[PDB]
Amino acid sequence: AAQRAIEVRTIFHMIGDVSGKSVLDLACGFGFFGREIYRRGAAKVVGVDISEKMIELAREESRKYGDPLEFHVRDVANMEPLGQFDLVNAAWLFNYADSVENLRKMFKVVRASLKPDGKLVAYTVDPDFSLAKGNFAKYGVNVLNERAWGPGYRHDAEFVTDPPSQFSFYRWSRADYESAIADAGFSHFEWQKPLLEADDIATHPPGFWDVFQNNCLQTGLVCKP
């Protein structure tokens, strides 16, 4: 999966120095980002996922490496309050909101989870992605279709793995994201193009990254109270 290196680089560029910070890792899966955030010096990391199966995995991972991550099974859109943190990290949370209403609830939960000087770092589907402009299979995500779903779009996809793992997500428009951000009470936000570097260009055949730059499936997003 060639895209994961760039995603990790972009996320940690947005996060910056985590030393001594408290961190809430939303849609945490098995804990990849929260666990690495801790490795780089975070004071405290809490992970939340809606899947009991994923949290069971995430807890076994922390047992294997002996790290102090704490995990919770919760639906972020309807989340029991969990305190306030210096940093909320949300890699692949918002594209699982199945309605604009649910996207807006998620941004409100995030804002309630933030200290006044805190920040949200998020990775999500670029609203401008258009399936016709090029698939993302060569970067690790095979987008199979694109269907209108209310004011947004539904995509069925699969990770280019063995076996290829199927999943489904939602692409909400930039205007709906920015409305959810503003109405949740974030005074500032910035979209972050993924940090494709000269080193990436040099280590791949010419033009390998053209579709990635012309029709990126991913985007970063940083919001501050």
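If you superpose the two forms and keep the largest set of C-alpha atoms that fall within 1.5 Å, you have the rigid core. Heads up: residue numbers just count along the shown sequence, starting at 1.
The higher RMS C-alpha distance to the shown form in 8 other deposited structures of this protein, out of 48-56 and 176-184, belongs to 48-56, with every structure fitted on the core. Between stretches 57-65 and 185-193, greater average Cα displacement in 8 other deposited structures of this protein relative to the shown form, fitted by the core, falls on 57-65.
Comparing the deposited coordinates for 171-179 and 62-70, the stretch with the larger average C-alpha B-factor is 62-70. Checked against the record, the higher mean CA B factor of 162-170 and 27-35 lies with 162-170. By the numbers in the PDB entry, the CA B factor is greatest at 198 among 42, 46, 195, 198.
Per the deposited record, the Cα B-factor of residue 126 falls in the lowest third when ranked against the other modelled residues of its chain. Ranked against the other modelled residues of its chain, the C-alpha B-factor of residue 82 as given in the entry falls in the middle third.
Among the modelled residues of its chain, residue 202 has a C-alpha B-factor that falls in the highest third, as given in the PDB entry. The deposited CA B-factor of residue 1 belongs to the highest third of values across its chain. Per the deposited record, the Cα B-factor of residue 120 falls in the lowest third when ranked against the other modelled residues of its chain.
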